[PDB]
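Student: Please find the sequence and an experimentally derived structure below.
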Amino acid sequence: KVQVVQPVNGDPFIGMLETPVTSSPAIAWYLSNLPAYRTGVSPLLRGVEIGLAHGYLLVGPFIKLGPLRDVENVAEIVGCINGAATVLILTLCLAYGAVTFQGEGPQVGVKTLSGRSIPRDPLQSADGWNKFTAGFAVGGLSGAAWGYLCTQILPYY
Amino acid sequence: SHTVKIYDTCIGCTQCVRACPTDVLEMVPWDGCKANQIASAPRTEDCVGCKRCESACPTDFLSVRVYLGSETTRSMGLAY
Amino acid sequence: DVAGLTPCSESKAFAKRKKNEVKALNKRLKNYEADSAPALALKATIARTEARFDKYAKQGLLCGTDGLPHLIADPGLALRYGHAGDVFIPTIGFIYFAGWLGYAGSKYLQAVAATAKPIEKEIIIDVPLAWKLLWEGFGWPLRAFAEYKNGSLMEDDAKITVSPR
Amino acid sequence: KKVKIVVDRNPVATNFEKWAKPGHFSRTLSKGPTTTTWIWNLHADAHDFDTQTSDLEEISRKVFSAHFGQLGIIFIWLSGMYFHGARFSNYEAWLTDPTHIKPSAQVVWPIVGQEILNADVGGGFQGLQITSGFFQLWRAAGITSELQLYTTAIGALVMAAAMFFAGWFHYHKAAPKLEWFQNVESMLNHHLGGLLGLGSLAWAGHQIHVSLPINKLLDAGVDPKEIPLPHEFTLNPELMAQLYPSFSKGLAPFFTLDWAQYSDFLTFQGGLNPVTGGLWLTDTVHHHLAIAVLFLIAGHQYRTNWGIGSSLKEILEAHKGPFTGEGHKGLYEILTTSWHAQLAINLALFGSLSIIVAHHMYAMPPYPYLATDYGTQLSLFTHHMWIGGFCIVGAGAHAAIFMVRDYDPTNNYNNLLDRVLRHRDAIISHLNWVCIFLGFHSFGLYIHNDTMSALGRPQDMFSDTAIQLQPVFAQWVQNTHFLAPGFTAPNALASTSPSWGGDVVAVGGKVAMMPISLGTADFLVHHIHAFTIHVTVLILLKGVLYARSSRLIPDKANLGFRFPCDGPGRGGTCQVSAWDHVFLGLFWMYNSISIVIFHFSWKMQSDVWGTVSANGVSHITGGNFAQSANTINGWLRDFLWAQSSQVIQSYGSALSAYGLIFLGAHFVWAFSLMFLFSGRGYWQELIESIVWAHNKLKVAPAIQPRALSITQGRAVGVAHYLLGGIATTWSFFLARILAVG
Amino acid sequence: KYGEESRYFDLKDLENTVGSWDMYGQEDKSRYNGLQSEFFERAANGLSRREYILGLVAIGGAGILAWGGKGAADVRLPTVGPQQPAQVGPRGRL
Amino acid sequence: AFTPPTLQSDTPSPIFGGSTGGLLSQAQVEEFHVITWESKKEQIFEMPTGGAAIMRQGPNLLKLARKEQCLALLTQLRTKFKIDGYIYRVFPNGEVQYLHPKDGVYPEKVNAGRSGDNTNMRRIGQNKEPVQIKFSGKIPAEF
Ligand code: CLA
Ligand code: CLA
Ligand code: CLA
Ligand SMILES: CCCCCCCCCCCCCCCC(=O)OC[C@H](COP(=O)(O)OC[C@@H](O)CO)OC(=O)CCCCCCCCCCCCCCC
Ligand code: SF4
Ligand code: SF4
């Protein structure tokens, strides 16, 4: 008799539905605790965390699949490759911020699922994206650098 | 924003108005045809360009013509 | 000889081609009996091949360096060197038959166009009328020339619909 | 209530009045052929009974009679096959030497040098080599003589006449009513047990009393003219006992539940017969008997005129969960009142079944001397693959047709159909993403291999020597099947097919079946197949789900199922109907099936088919698939270019016809491009100029010539494209296999 | 939206009638440690300007040129390495 | 004597379980449309966005994205349930603009008092030649 599929926030005329994949308590908690969905946290710190994770997870592919994977100096070459990829996605973030945030407009408000009014995410602003982009560069480069250190350390590996 | 025009060859059959899917045409009084009515396009901003009105016109040549021009969010039929 | 072409009768390549074709047929025939169906069929094919080559050489056809017959498509050149049956005579024969069919169709269309319901006459042909017009189409050259000199074979340009330029 | 035979007497008079009035079935085709479009419309709606009438009873009667006519046509075709095999074939000679004599059942007349097509197949006979496998089927059935084939042909003609008479009788004399057609319970009960079960039991009986003794003697080695006739074995338990000793006990063991006694002719061996290369006929007999019992038992589940039995509506309405709201409610009403929904389901399962048949037939050759006949094997596989693909596309088309005409929102509220239609965006978006991911990770691998090979870096390719992409799951399943006998099937003496592994089964010096190893190339081609199938499914599903409405066009259902577009507005609505989705799905299905048949051909020619010389197996292509199928250049050179020399060098021989069609098909395909890249306006204006020329000479026709409609142009283009491509592959495959097989 | 019943439209609360919800956003200023946060905001001090952040990207462009003129040779790239003999060609050519 | 009827926000919406073909983010930053009708009974109808809804007995309000969707629903109501509706355009700022039944009378019916906008008093072939209006951002139909 239970119906696990309901319209988004009870409204059945919005292009979205609530399913155990989107409205699941654990899934909602984990998705809400990500650095991207922190309206009250500084965009620079969230960007640093995102960049660190992305830079660290981006070394592996070139390490085990790069053109020089069969050479002892593959770790260094890949660290540099990840640094280059981070710099590229860095300029991508900057271009997106410069194009998206260039004007102002009386946008509509933002509320929670319960109906509590909340301010717009500071990340969606000219200065908010710039701070987030700067943190992504420091975190992204640090993540790639840590990826090389883990290769040298880590007794198992 | 397309350009919709009505010519005096219209016979006031009102078929183009009934065939419009965005309510762009309407019938207004006239005295050049037996029906004593002519077609008009007061809301061309809502015209999408489907040309359904032309497929319903029985006059030869057509009394209603649609010239596709600058595309807008409404003329492109975008819901996103 | 017209354009450096050698008659097929004195062409060595032509004879070699005939010999090779007959040789291949006999090689295939060697794998059968003497009075079986495949043997008789192969023998008939051999006879037809020999007859074809002999007829081509006897008809006066021209063969090139490759040993294959070549056709002369030029009046005067084919008429003075005895090659009118290559393209000239076939051209006349075609033109005649093609004009016959075209004239029969034109007459049928014009005859049924005067009927109260011509579209039905077009999808449901009138067999007796079509037969009579097909027979009358054999005199198409005379009829066409008479209609042309009479002026009834053409439609006035002012009576034919045209685009608004 | 109460299932019964309800029929209407003399509903339609039998005369030729309507034969002389083309377009009588359609109301819109009554104004006569004013333009040439009327002629095309006459044929495009001849079988669209939904438009000719609004009564479901008349539509059902028309469908029933059309089915009878189709059955009669199929019977005529079967009669022709048997007659040709009895009068213009070398079946009798082929029986004495089935490994060297090539089957032939067509003879051409000598008119314009075409007698060259009468190849020297063998046995003092000349004709066209056939690849339908009729000789193997007849041998498995124990035909032996040509008189039996002639008798079968005459019987097929009689059956065709009976089918045509049945159609005429059921449409003009005794026409069943609508309530008679809506007896899904009775129809299923009769089709399960009375049709499939009874047919399987009858075939098992024939195999026991005709196929087993005759084939056993043939395999042991006995002249076909010396084997006793089928009736001498069917009505004489003494001789049949001489061949199968369990028959000395009669039917007593069957009724005493001592079935083990029948283990001599009802075995569960497996593998293939080493003499003929096909499945053991005893195993097939046992299989048919088991499936017959299963079908007969299954034909007793639905309720009819008695209390016992289940109700389809009750079972459907009782299957509802928390994720599907109402559930299967309303499905019974849809499947009992809409012919298109039933046609869609039946076409989908029918095509899938045809594909499964192709797979099971090449894997486990069921007929004697069939596996060693490479031409027949390849032809049967490719033919069934194409039939399955076409049927699947048709299933999608009819699903869209039902969604456009027979769909009713008031009857499908909160059920499976309504819930599916309420989240079509998520389904289509996810299917689109999976299609893109598959395309990348499947084709990009080939592109990467090509780039590495061209750059002189073979160590960076996705091959068995460099980065390996082993199909561990497929290999595990294959080995599991190989180890099944004696473990997870103790009563099995061998595996179902030698492809799972084991020894090499060769007949007459040619490999009939052998293990098929899977490597990186197999992994790549399988992912290519998955990607193509997914794209075809995406196109068909998108058309079915958006056939009614869409964000771009909210009233697409009002425009119908087959319309060219909705004008040039909104940027363009070209090919937005469901018919157009089917039109594109046809191209994608052709692409998928083409890659599938190419993969099968190359794999069998490189790792299965070949010859045994006491020193190993000499495959046709030498096993170049495992080292060249990982790149597109390998497929173009080692498969398309290397294997095409047989069809381009067939001039002057018996296979010359294959060389002609090979070119002709190439033409038709290219011809289709004219209708696929063009528009109606250009041709209409060109026709205007030609019409002026005709009017100038008073030869203009009253039936105003008009260019083919947009939908007709697309249909012609797709039909020509598929005909040309399929015919090209057909000619190439047949010439290559008939020249090296 | 005032969806207290079956009304999903409200001019006085039009913000809620257009589905303008964060869905997963949550404002919370108590998470990252003050000592670690200071270190990162300090490291990315002046790098928050478009011109300055682009300068960091410009370094990547210099690294690309550095690789071609030095990095490619240090990894013993085949293009920067040597060549062995040659061929003559189809006919008497080079 | 006709005045545009005001849009009531207290009108209940039809019974619908929800779908993914509804309003997106365009309605929050651009505009959306609202169709309100009156039904004499609770009955199932087909929505332009996919699925089936149930219109209540009385006033019904439905918010859609494009105006064409509202007009398609109105056409379905007029040709299937003989129900007349009103279409309005709502902007994010909160402005409502009356639409379709502009003067209370359907466009297919002449009302005598409308604007004869875009009505040339010539034939289609009596337009100025394209060469006579060159170097002017206008087409021959606008002269
Ligand atoms: C001589 C017997 C006979 C006669 C006089 C009629 C007469 C009539 N029938 Mg009938 N019918 C018959 C036998 C007959 N039928 C049989 C045997 C069947 C079973 C298949 C049917 C099933 C049937 C149905 C379902 C219907 C009719 C209908 C009709 C009426 C109009 C349709 C019509 O005939 O158009 C002319 C038809 C033709 C000229 C021939 C049809 C095309 C044939 C069958 C194709 C055969 C395929 C062939 C092999 C070619 C395909 C391959 C090719 C490309 C090489 C008409 C009065 C229709 C009706 O009542 O109208 C409302 C109706 O729907 N019939
Ligand atoms: C044991 C009973 C029985 C049997 C054997 C069949 C058999 C068949 N039915 Mg049928 N049916 C039955 C009961 C049965 N039905 C009942 C009770 C109903 C009412 C609920 C229906 C309603 C029905 C419909 C609506 C249709 C069929 C169709 C078919 C054919 C499908 C074609 C095919 O793939 O098969 C293989 C083809 C063959 C094996 C050809 C051989 C045909 C032999 C003669 C079997 C004939 C069996 C028949 C029922 C005998 C009684 C007829 C008698 C009065 C002379 C098939 C021959 C379809 C069809 O094609 O129409 C003809 C179809 O449209 N049936
Ligand atoms: C049991 C199978 C089956 C059945 C009963 C139907 C039945 C029907 N289909 Mg359908 N369909 C099927 C399978 C089937 N289809 C498959 C497998 C496909 C995928 C290709 C389609 C795709 C399809 C589409 C896209 C459409 C239909 C439509 C229709 C309806 C009208 C058909 C008609 O009269 O058009 C006329 C029939 C013809 C003009 C016959 C022409 C035959 C083709 C064009 C020639 C092919 C050449 C052939 C292979 C031989 C080549 C040799 C040549 C050189 C001589 C009808 C109820 C139409 C509809 O509107 O539905 C309501 C519609 O548009 N079908
Ligand atoms: C490789 C496997 C090949 C299949 C492709 C799988 C990809 C398809 C993913 C699309 C999922 C869409 C979700 C629909 C969501 C949906 O349908 O709603 C949920 C659905 C509804 O069930 P109800 O509770 O409503 O049941 C009442 C029913 O009678 C009425 O429908 O229940 C399911 O979970 C279906 C299972 C979906 C998951 C299928 C995966 C099954 C695993 C098979 C694994 C095979 C290989 C391993 C064997 C060892
Ligand atoms: S083109 Fe379409 S929307 Fe525009 S006036 Fe004509 S019918 Fe209406
Ligand atoms: S369809 Fe043509 S004739 Fe009829 S009202 Fe419209 S413009 Fe006039």
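Tutor: Nice, I can see it. Residues are numbered from 1 along each chain as shown, chains lettered A, B, ... in the order given. Ligands and ions are numbered 1, 2, ... in the order given.
Student: burial measure for residue D:466, as a count.
Tutor: 15 (other Cβ atoms under 10 Å in any protein chain shown). Just so you know, the C-beta spots here come from the backbone N, C-alpha and C atoms, and that holds for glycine as well.
Student: Go ahead and confirm it touches residue D:448.
Tutor: No: applying Cβ atoms under 8 Å, one finds residue D:466 not in contact with residue D:448, separated by 11.0 Å.
Student: Any residues of chain A in contact with chain D? List them.
Tutor: By the rule Cβ under 8 Å from any Cβ of the partner chain, the part of chain A lying against chain D is A:1, A:2, A:3, A:4, A:5, A:15, A:17, A:65, A:67, A:70.
Student: again, only this time at 10 Å
Tutor: By Cβ under 10 Å from any Cβ of the partner chain, the residues of chain A that approach chain D are A:1-5, A:7, A:12, A:15-17, A:19-20, A:64-67, A:69-70.
Student: again, but for chain B
Tutor: Residues of chain B found near chain D, taking Cβ under 10 Å from any Cβ as the criterion, are B:2, B:21-22, B:47-55, B:66, B:68, B:71, B:74-80.
Student: Number of residues surrounding residue 53?
Tutor: Just so you know, I chose chain A. Using other Cβ under 10 Å, residue A:53 has 14 other residues around it.
Student: you looked at the wrong chain, it should be chain F
Tutor: Taking other Cβ under 10 Å as the criterion, the count of residues near residue F:53 is 24.
Student: helices or strands next to the helix or strand it falls within in the packing?
Tutor: With the criterion set as DSSP states H and E, the secondary-structure element containing residue F:53 is strand F:52-55. Applying 3 or more Cβ pairs under 10 Å, 6 or more residues apart in numbering or on different chains; DSSP states H and E, we find strand F:52-55 packed against helix D:416-421, strand F:32-39, strand F:43-46, strand F:58-64.
Student: for the strand or helix carrying residue D:512, packing partners?
Tutor: Under the assignment given by DSSP H and E, the secondary-structure element containing residue D:512 is strand D:510-513. Contact partners of strand D:510-513 among helices and strands, from 3+ Cβ pairs under 10 Å, 6+ apart: helix D:374-405, strand D:505-507, strand D:610-612, strand D:617-619.
Student: measure residue D:588 to residue D:536 for me?
Tutor: Counting by Cβ to Cβ, to the nearest Å, the gap from residue D:588 to residue D:536 is 4 Å.
Student: Who has more neighbours out of these two?
Tutor: The residue with more neighbours, out of residue D:588 and residue D:536 and counting by other Cβ under 10 Å, is residue D:536; that gives 25 against 20.
Student: In three-state terms, label residue D:128 for me.
Tutor: For residue D:128, the secondary-structure state derived from DSSP: H, G, I helix; E, B strand; the rest coil is strand.
Student: Dihedrals phi and psi, the closest residue to it other than its chain neighbours?
Tutor: The shortest distance from residue D:128 to any residue that is not its chain neighbour, by Cβ to Cβ, 6 or more residues apart in numbering or on different chains, is 4.0 Å, and that residue is residue D:106. Residue D:106 adopts backbone torsions of phi -140, psi 130, taken as degrees, to the nearest 10.
Student: Surely residue D:106 and residue D:129 touch.
Tutor: Yes: contact status for residue D:106 versus residue D:129: in contact at 8.7 Å, counting by Cβ atoms under 10 Å.
Student: These two: who's more crowded?
Tutor: Neighbours around residue D:106 and residue D:129, counted as other Cβ under 10 Å, are more numerous at residue D:129. The numbers are 20 against 14.
Student: Can you tell me how far the more buried one is from ligand 1?
Tutor: According to Cβ to the nearest ligand atom, to the nearest Å, residue D:129 and ligand 1 sit 24 Å apart.
Student: and if you look at residue D:360?
Tutor: Counting by Cβ to the nearest ligand atom, the gap between residue D:360 and ligand 1 amounts to 31 Å.
Student: all strands of chain B, in order?
Tutor: Taking DSSP state E as the test, the strands found in chain B are B:3-6, B:26-29, B:37-40, B:64-67.
Student: Just say which of those is most tucked in.
Tutor: For the strands of chain B, average neighbour numbers computed from mean count of other Cβ atoms under 10 Å in any protein chain shown are highest in strand B:37-40, which has a mean of 25.
Student: who touches the nearest residue to residue D:24 once chain neighbours are set aside in this structure?
Tutor: The shortest distance from residue D:24 to any non-neighbouring residue, by Cβ to Cβ, 6+ apart, is to residue D:18 (4.7 Å). By Cβ atoms under 10 Å, 6 or more residues apart in numbering or on different chains, the residues touching residue D:18 are D:12, D:24, D:25.
Student: Kindly reformat the helices and strands packed on strand F:52-55 as CSV and extend each row with distance to residue D:304 and mean neighbour count.
Tutor: Rendered in CSV, the data for those read as follows (distance: least, Cβ to Cβ, whole Å; neighbours: other Cβ atoms under 10 Å in any protein chain shown):
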stretch, distance to residue D:304, mean neighbour count
helix D:416-421, 27, 21
strand F:32-39, 43, 21
strand F:43-46, 33, 19
strand F:58-64, 46, 22
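Student: Distance to residue D:660 for those - can I get that in TSV?
Tutor: Conversion of these to TSV gives the following (distance: least, Cβ to Cβ, whole Å):
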stretch	distance to residue D:660
helix D:416-421	49
strand F:32-39	63
strand F:43-46	55
strand F:58-64	60
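Student: can you tell me how far whatever residue of chain C ends up closest to chain E sits from residue C:7?
Tutor: Residue of chain C nearest chain E, by Cβ to the nearest Cβ: residue C:65 (27.6 Å). Look at residue C:65 and residue C:7: by Cβ to Cβ, they are 13 Å apart.
Student: Please apply the same query to residue C:17.
Tutor: Going from residue C:17 to residue C:7 by Cβ to Cβ gives 15 Å.
Student: again, but for residue C:76
Tutor: When residue C:76 is compared with residue C:7 (using Cβ to Cβ), they lie 19 Å apart.
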